[PDB]
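K.L.:
output the structure for:
(chains A, B, C and D, ligands or ions: 5)
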Protein chains: 4
Amino acid sequence: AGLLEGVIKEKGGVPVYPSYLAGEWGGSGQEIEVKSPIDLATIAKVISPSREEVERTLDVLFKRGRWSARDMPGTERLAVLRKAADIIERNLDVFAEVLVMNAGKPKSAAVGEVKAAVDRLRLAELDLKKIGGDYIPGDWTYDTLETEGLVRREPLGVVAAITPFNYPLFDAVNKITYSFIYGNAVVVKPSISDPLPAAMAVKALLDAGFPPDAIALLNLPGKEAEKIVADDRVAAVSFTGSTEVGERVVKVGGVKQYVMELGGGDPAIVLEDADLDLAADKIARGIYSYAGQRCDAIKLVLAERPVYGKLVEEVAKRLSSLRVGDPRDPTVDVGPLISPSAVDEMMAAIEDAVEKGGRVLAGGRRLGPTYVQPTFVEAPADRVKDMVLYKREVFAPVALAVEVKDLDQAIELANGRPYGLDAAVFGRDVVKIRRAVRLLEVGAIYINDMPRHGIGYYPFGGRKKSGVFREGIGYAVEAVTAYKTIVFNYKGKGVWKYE
Amino acid sequence: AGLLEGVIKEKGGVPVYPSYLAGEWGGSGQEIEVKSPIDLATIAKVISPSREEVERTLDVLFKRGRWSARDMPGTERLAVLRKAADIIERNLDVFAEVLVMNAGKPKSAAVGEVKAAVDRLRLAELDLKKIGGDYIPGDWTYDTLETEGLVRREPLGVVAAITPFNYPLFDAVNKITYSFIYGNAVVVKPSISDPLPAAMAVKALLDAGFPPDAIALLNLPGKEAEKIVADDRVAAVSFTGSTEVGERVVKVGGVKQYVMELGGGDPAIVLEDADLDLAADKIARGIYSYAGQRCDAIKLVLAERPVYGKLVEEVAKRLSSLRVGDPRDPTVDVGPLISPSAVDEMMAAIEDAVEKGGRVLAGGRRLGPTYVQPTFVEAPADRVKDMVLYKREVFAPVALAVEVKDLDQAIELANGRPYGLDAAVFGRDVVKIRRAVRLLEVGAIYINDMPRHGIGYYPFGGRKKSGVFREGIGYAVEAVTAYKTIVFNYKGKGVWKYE
Amino acid sequence: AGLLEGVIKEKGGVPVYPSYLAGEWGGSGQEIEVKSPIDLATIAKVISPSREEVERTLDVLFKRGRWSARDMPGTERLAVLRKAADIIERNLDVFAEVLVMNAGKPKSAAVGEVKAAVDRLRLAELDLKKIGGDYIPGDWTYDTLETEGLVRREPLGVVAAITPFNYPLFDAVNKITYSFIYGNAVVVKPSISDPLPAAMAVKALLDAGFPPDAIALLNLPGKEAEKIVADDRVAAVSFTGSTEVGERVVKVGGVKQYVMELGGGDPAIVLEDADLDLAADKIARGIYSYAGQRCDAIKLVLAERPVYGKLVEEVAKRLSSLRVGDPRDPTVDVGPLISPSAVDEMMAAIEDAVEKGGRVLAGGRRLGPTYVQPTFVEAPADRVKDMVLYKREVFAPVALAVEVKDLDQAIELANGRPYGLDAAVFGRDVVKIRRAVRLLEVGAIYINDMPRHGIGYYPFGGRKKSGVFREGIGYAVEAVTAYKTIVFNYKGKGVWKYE
Amino acid sequence: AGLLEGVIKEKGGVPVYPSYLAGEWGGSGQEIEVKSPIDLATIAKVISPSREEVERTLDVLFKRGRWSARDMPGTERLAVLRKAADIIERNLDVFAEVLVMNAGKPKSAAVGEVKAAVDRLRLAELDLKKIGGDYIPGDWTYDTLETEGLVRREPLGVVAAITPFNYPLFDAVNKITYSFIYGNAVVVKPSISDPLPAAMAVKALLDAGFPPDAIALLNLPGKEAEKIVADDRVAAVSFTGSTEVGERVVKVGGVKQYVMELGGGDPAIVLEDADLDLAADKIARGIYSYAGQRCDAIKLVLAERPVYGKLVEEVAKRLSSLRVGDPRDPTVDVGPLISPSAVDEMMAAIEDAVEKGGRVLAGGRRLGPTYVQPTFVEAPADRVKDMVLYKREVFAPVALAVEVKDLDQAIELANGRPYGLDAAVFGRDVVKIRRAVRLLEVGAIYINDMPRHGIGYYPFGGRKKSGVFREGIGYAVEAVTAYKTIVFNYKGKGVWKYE
Ligand SMILES: NC(=O)c1ccc[n+]([C@@H]2O[C@H](COP(=O)([O-])OP(=O)(O)OC[C@H]3O[C@@H](n4cnc5c(N)ncnc54)[C@H](OP(=O)(O)O)[C@@H]3O)[C@@H](O)[C@H]2O)c1
Ligand code: NA
Ligand code: NA
Ligand code: NA
Ligand code: NA
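P.N.:
Numbering: from 1, shown residues only, chains lettered A, B, ... in the order given. Ligands and ions are numbered 1, 2, ... in the order given. Coordinates below:
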């Protein structure tokens, strides 16, 4: 259809999306159904590549792709990304519709993601703020006298971009952009759950001029991807997903450069001097956006005694006034969760909190196989730590509320989860804020706002179980680039006169 | 003895070195013999820690060490490292003697390593050139308007420093220095082959004021160390060693920050316009230094036809005039190899080259279980690629010599090995040099000098099978530090007026 | 006409260009004739502002302009510059025609300048590579313990951009771009000799959305501009012009931030191993481009004995084959010099060289009041230093040729002029090149190419009499921005625990 | 005496200090008396150089000094500065005594300045955080394809360091250190008022190994120094002093690189949520330290209505409890002002404030020709702006106190003075603090502390009448260094393949 006109194959009434094998769209592997969480119906099929096609694709990426990407000057790479942005932008409605149907994303959120993808592509020139190399004079040590160094970055070669289901379009475009801008070839491996947006993005890139042998899109399910990760032709792996899969990926990959964005949720702290209107609004939104299916979703709210009552009151009201059900209605605030399993886990998690002294302050009602109300569970500090909702990341619209004596207890409870992605702090006192900033063990802290990675204007990434390394405009250069040092020796050659 | 007076325990006529358990020297595990390659005799014993002591040590490092190191202000950390430098310097002869006896290192090389360790410690202030964070204004995007970012570095926590046998003193001091200067606690795991120098360095650091609960020295053999690497309290692993072990380390460690310096040898290219006197001298030295037991040792020499004859002639003469045997004589140029196995492998490798058309131009004679002559094997370009000396790193004083038609063939053969640590290029033409620099796939290129990492004044590290990431003054901050982003939200707060 | 439709006033058959007074185009001062060097005819008139209008303009720029520019977020400033680029691009022929007629620039050179202006505007996002601030931790000194610093850039306010005649369009657009991208208001003061292109550029910027009260274009002759420079509301002065005027500007301005690009010519050195075809081509072009009316024009050629003959032979041939006369013909290689005076000076300078032992190798013939042939004058090393062509910058297509014994003499003669803008070195030996690079006292050295600032992709600027500070993408931030340091004190506040 | 044993010449009972003429201590110019503000007695004499000696000194600095400094490798420069630190440190009491006697500085302050000088010297290695150059790849523009750039810093040559009377030791050592660490020669021109400490510092540097022909110390009074500033061999001028003299210096110097630290006082703002104990303490100290003879002294206190009463009450008490009189007593809090004139001006300024509605809250009594009590004058917001104490910098221990309605009025009044050096803000609310930070027009803002430049750990400098450019560890590289760009051309040379 338009963008994917000659690519998609209507077979048996259901559109069949092929993989892109670094040159031609195709695939001879098993076909796999792709369903919508809105009605559990099959909306398309994707053709996975065969072992032989995976092998051939990697061979093309390694032997030719690395050079096609590297030998396309930066000035053209930029033109490619900008053109791709234009193509995605003019196909906005189509990109959004697929996000709504395939991911169950509310219309406004789907439109927001497409626009993030477009902006990420257009701002590729900002990534150059970290591209320059270093010139190191040698006269600061006797052994390096009359010597000199140049340190420059080089692309690693083939980057494997593995993406999650919750940001099927942005994550693929983001990783492709930063991997490509520095001269790398890329193998994209999207969630087999909602791989359609990536296929659409890759086509837009190909139409825009992206070297055809420098990119690949493989519709491989879970462990079928290990094959790519473990291959020596893959110099780097950019992975966004769960802690457990991330661990498996590194153990399969071995020595390579990695960026591991492993999520988990985020805690939000509200100090007694906080603007409770701003806090309640931002916290409610951080809890329910995209039905809590956000790595930076708020999963725990900690509020100092003097504001805990009002704060939790306001958040409860806001969550209760939300409208759930089918995401197409520009009226719905919350669509479905990606699978009935995800809802099952949320319900069980809520029961666990209740059995351990927790009390539901809002929501709690399952509305269908993939529908549930955003839930806010109050818990006493002395018991919250043993609750599943605390110890784990329940990927759903659910957060715990805990009253705390002071900042130290807030910080202590916030750091008590095994994760350390982001944290939020609402308050105004510079000293308490500076203290929280120093002691919260997370990759990023949001002062007076809900955690939101956006397009990575500010770098983000994990600590503890949330992973290692960062993504962000400019900063991602560290994950897909290697340094090259050139040491020039002029010892006794008369350039310098003892210096 | 002096430095290790109350630490070393003379038991059964052989000095017994205990492990340092983040607080007290001790150990209840198996005792292990430490031998000299000079005479295969046992010169000491080291006490390995028990599982329980490993567990307790990690617990101390994690619960207290991270904070002792982090809460010691940088100004004191620097004083600690400087004081340690003074202590090692005044104990120079003792440090050197142990290197000579334990590692079989020629006196001058042993003295050189101690001085490198001392300088590395004293120049810790230079590591600060990469410590500052970034302030990111938010008005360059509409979504971040009235927003602002601060990105600063933080220590990761506990860094596991795993070191090889060939630089038993420097590698431990280097990793400790860059890990500690940024606020990390450190677990050192030296080669069980020559762990004595590390014990001496750690004691000097402790005497200098290094927080006692922030450092540990565990004498664990090979796979006993996996226990440390795989532990969640270990946030980073700095490993210098072989490709194969490095792979195992990552597969055991899983997600963490890694610096993998995996060696392999280096190729040296000589262009027709090169100063052949300089080239022959530097290349000969790169081949035999420390009996080729250097990750940056020259293992392949490629010379353009018009200079190949003279060049190879000169290098052969130089290697032949070398004096082998016991390293104590300030007369000996080459001491023994670390083990009889290493020599066996070298001899077999030489036979392989010969059976495949290779011709010995210098050396070739084994002089004892751990002694051999520096060898230079000529090989025709059409057969060298299948030789063990080419396909593998034979850790010994042996290199291949190959005549080539031109630069492209030189580059092609240089890149043909599975490694990519450093490469050397001797010549004067800027264009040919720039071309080689762009196309040699290695972490570092040395123009008109043999490859020499020194103390890391210039960053170095691998490509391909030689690993990932870099070590160097300043640059090592990337391996033992994590970024922390703080996003401040002032939306609608009146700080800015639409900007 | 189109772009300047309602701005230009046809009065007495000659188009009258008004000044832009930070809000409205106008002027009540003396009217001044603008002539073409192609035929000495009056092609337009410009209205200079009255003292009162200068005062009022500065008042608007200071009281409102600083804030209009600063309060327009960077994201919009960028959109403004990009839109201006589009407007200039679609009006390319018109912009070029005026450059050809007003500056006497050959068509291709005029087209080249317009395109440079367009690209400079479009690449404003690259200027951000130097916009970020610094975060300075305080624990590296005892006195700053529990303290912390943030260093960010801020616009200075009102930047006075004073431009020369030889790049009437680019220089104005360049200075405006880097001054505006960081948040400054700008007063442009173009050469009263060819102020038309600036008027056209400013209009394009205004049409593009440039805050109307944040920019001004004042058609003031020479010393009438001192009034602007000396004013306290002008925080910076970006000046490109002659050494003598630059000196006067600083002496009138007093304490302020300055960028002084004071030209002078450039020497070119040819080593014995140089590609003489490349060298002859580039050197000939550096001598005659835009009739030598380029600050980076080659004014002295120094060649080692073994190549001097051929080199100078080839350059002479190339200069002789040039076609002079009226710049409209896409056939002409060289148009006229800006004024008959400039030609007079060139002729006198040639006579001086001849009277002192110099010999004309090419050109020498004046072809009219403003026309002359590109001239190449040979001179013996022992007499060249006293020649006007050496001691001074003769802004015309004329260069000296001097044979030298070796590199040291080349370097010595190159450094003998009172200028130090750029220098060129053709050769291949890295050591000789590195030596020349270290010893040539100039802001920039071009290896194997003629000196060419282009759009400042690489920073450039002077040494010695050629001025101070640099212009260039990114680097110009230093001239139009000031640092702001914020020191936070948390002494004894419990953020840190002794560190 | 010891340090200056063979240098000082006891003549007529009064020690005579000669100038240092870049090689030998001497001087044939007029002798000038140096007096103590403690008793107006002559304590020494300094020999000014003759015109001929000034000329010869500059000739030595230019022809040999530039090279002696530049050709001494950085590693030795550092050793020189460190050794000088040791020499000054062991002569601490002697250095302090002279500061007490010559500058009238209280013992503790004199000891503090010597220690700042010592630390500044020892931390010269931190200045290297800004010494590295940039490597600029050329493929981000079509015109620069197959091209490449290197941008490195170079010393300017001869830096003229002109210093004020209030920090006679530190300012000279600071400027010398940052000028020398990057490879420059230096001419020091101290205040003829208290030039003794500089003579002592220069000797310590010479004894430490500072190249003898690379430094000069000229005891020239006021306008006699213009001769140095105006000379073409002086590539940069680092000046710390009054606005008026700074202006004269630039007008005499013309085009050169300048750092102008022109002082003026600083305003301090106290928000309603401020810790008034901390604020009162820090503000009182900022008002009286060294008898207000500090460029960063607090001259205006602005406090929000709800805390104004207490705050001003507390500061008054603190100022009243101070002990004035002869600085030798480790008991005295405040010594004398540098001259009776300075006190006259302060008294007249106080009368002016009183005649305009001001009321003295503390002090006001002159105690002798050079002694006065620290004074705090209350003034109504509607009249303060016309007071001399507001409009001018009265270099003495005197500040105005003004009650304000809110932050906007505080900011408005703070920005109302013609200066913009530093400002202080005491309070805790992040939003109000961020607002003040954005709107205060000064080089530096101190949050919750009095303004204190210290040794420049954090860069500082002026805005408005307070000057241009910054000094600070690292940042001063901009004032005494110039960039050198090297552009390499590989167009069509086969390094890149279209990229
Ligand atoms: N260093 C570089 O990068 C660079 C680049 C391009 C050109 N240049 C140099 O500039 C010169 C060619 O340009 P040009 O002939 O037009 O030189 P110029 O006369 O020095 O240009 C001076 C600019 O300053 C104005 N001006 C003149 N007197 C002034 C005064 N007293 N106060 C304030 N402003 C004053 C001029 O306006 P009026 O036109 O009204 O006199 C003109 O706009 C050559 O020496 C060339 O090498 C240097
Ligand atoms: Na692997
Ligand atoms: Na793990
Ligand atoms: Na002025
Ligand atoms: Na001058």
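K.L.:
now for residue A:63, how many residues are close by?
P.N.:
Burial of residue A:63 is recorded as 12 neighbouring residues (other Cβ atoms under 10 Å in any protein chain shown). For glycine as for every other residue, the C-beta is placed from the backbone atoms N, C-alpha and C.
K.L.:
check whether it sits in a helix, strand or coil.
P.N.:
When classified by DSSP: H, G, I helix; E, B strand; the rest coil, residue A:63 comes out as helix.
K.L.:
so which strand or helix has the residue lying closest to residue A:212 once chain neighbours are set aside?
P.N.:
Nearest residue to residue A:212, sequence neighbours excluded (Cβ to Cβ, 6 or more residues apart in numbering or on different chains): residue A:23, at 5.6 Å. Residue A:23 is located outside every helix and strand, with elements delineated by DSSP states H and E.
K.L.:
could you pull out the helices for the stretch 51-200 of chain A?
P.N.:
Secondary structure of the stretch 51-200 of chain A, counting by DSSP state H, counting those that start in this stretch: helices at A:51-60, A:66-70, A:74-90, A:92-103, A:107-122, A:170-181, A:196-208.
K.L.:
highest mean neighbour count out of the ones you listed?
P.N.:
Burial of the helices of the stretch 51-200 of chain A is given as mean neighbour count (mean count of other Cβ atoms under 10 Å in any protein chain shown); helix A:170-181 ranks first at a mean of 28.
K.L.:
please state the offset of stretch A:38-58 from the chain centre?
P.N.:
Distance of stretch A:38-58 from the chain centroid (Cα atoms, centre = their mean, to the nearest Å) equals 22 Å.
K.L.:
turn the helices of the stretch 51-200 of chain A into JSON lines, columns for distance to chain B.
P.N.:
Shown next, in JSON lines, are these (distance: least, Cβ to the nearest Cβ, whole Å):
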{"stretch": "helix A:51-60", "distance to chain B": "16"}
{"stretch": "helix A:66-70", "distance to chain B": "10"}
{"stretch": "helix A:74-90", "distance to chain B": "14"}
{"stretch": "helix A:92-103", "distance to chain B": "17"}
{"stretch": "helix A:107-122", "distance to chain B": "7"}
{"stretch": "helix A:170-181", "distance to chain B": "13"}
{"stretch": "helix A:196-208", "distance to chain B": "20"}
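K.L.:
I'd like to know which of those is closest to ligand 1.
P.N.:
Ranking these by proximity to ligand 1 (Cβ to the nearest ligand atom) places helix A:74-90 first, at 24.8 Å.
K.L.:
list the residues that contact residue A:122.
P.N.:
Residues in contact with residue A:122 (Cβ atoms under 8 Å, 6 or more residues apart in numbering or on different chains) are A:81, A:82, A:85.
K.L.:
tell me which of the residues you listed is nearest to chain C?
P.N.:
Checking the contacts of residue A:122 against chain C with Cβ to the nearest Cβ, the nearest one is residue A:82 at 11.2 Å.
K.L.:
ok, back up a step: now tabulate the helices of the stretch 51-200 of chain A in JSON lines and tack on distance to residue D:305.
P.N.:
Converted to JSON lines, the helices of the stretch 51-200 of chain A look like this (distance: least, Cβ to Cβ, whole Å):
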{"stretch": "helix A:51-60", "distance to residue D:305": "72"}
{"stretch": "helix A:66-70", "distance to residue D:305": "64"}
{"stretch": "helix A:74-90", "distance to residue D:305": "53"}
{"stretch": "helix A:92-103", "distance to residue D:305": "54"}
{"stretch": "helix A:107-122", "distance to residue D:305": "45"}
{"stretch": "helix A:170-181", "distance to residue D:305": "50"}
{"stretch": "helix A:196-208", "distance to residue D:305": "58"}
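K.L.:
dump those helices to CSV, plus distance to ligand 1.
P.N.:
Formatted as CSV, the helices of the stretch 51-200 of chain A follow (distance: least, Cβ to the nearest ligand atom, whole Å):
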stretch, distance to ligand 1
helix A:51-60, 48
helix A:66-70, 34
helix A:74-90, 25
helix A:92-103, 46
helix A:107-122, 33
helix A:170-181, 32
helix A:196-208, 38
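K.L.:
what does the stretch 351-499 of chain A put close to chain B?
P.N.:
Residues of the stretch 351-499 of chain A lying near chain B by Cβ under 8 Å from any Cβ of the partner chain: A:437, A:442-449, A:454-455, A:457-461, A:463, A:467-470, A:472, A:475, A:478, A:482-491.
K.L.:
out of the residues you listed, which end up buried?
P.N.:
The neighbour count (16 or more other Cβ atoms under 10 Å in any protein chain shown) marks A:437, A:442-449, A:454-455, A:457-461, A:463, A:467-470, A:472, A:475, A:478, A:482-490 as buried among those.
K.L.:
for ligand 1, what's the nearest residue on the stretch 151-300 of chain A?
P.N.:
For the stretch 151-300 of chain A, Cβ to the nearest ligand atom, closest residue to ligand 1: residue A:152, 27.7 Å.
K.L.:
correction: the stretch 301-450 of chain A
P.N.:
Residue nearest to ligand 1 within the stretch 301-450 of chain A: residue A:444 (43.7 Å; Cβ to the nearest ligand atom).
K.L.:
against residue C:420, how distant is that residue?
P.N.:
According to Cβ to Cβ, to the nearest Å, residue A:444 and residue C:420 sit 47 Å apart.
K.L.:
who touches the residue of the stretch 151-300 of chain A found nearest chain D in this structure?
P.N.:
Distance from chain D to each residue of the stretch 151-300 of chain A (Cβ to the nearest Cβ) is smallest for residue A:152, at 5.3 Å. Residues in contact with residue A:152 (Cβ under 8 Å, 6+ apart) are A:133, A:134, A:483, A:484, A:486, D:135, D:137.
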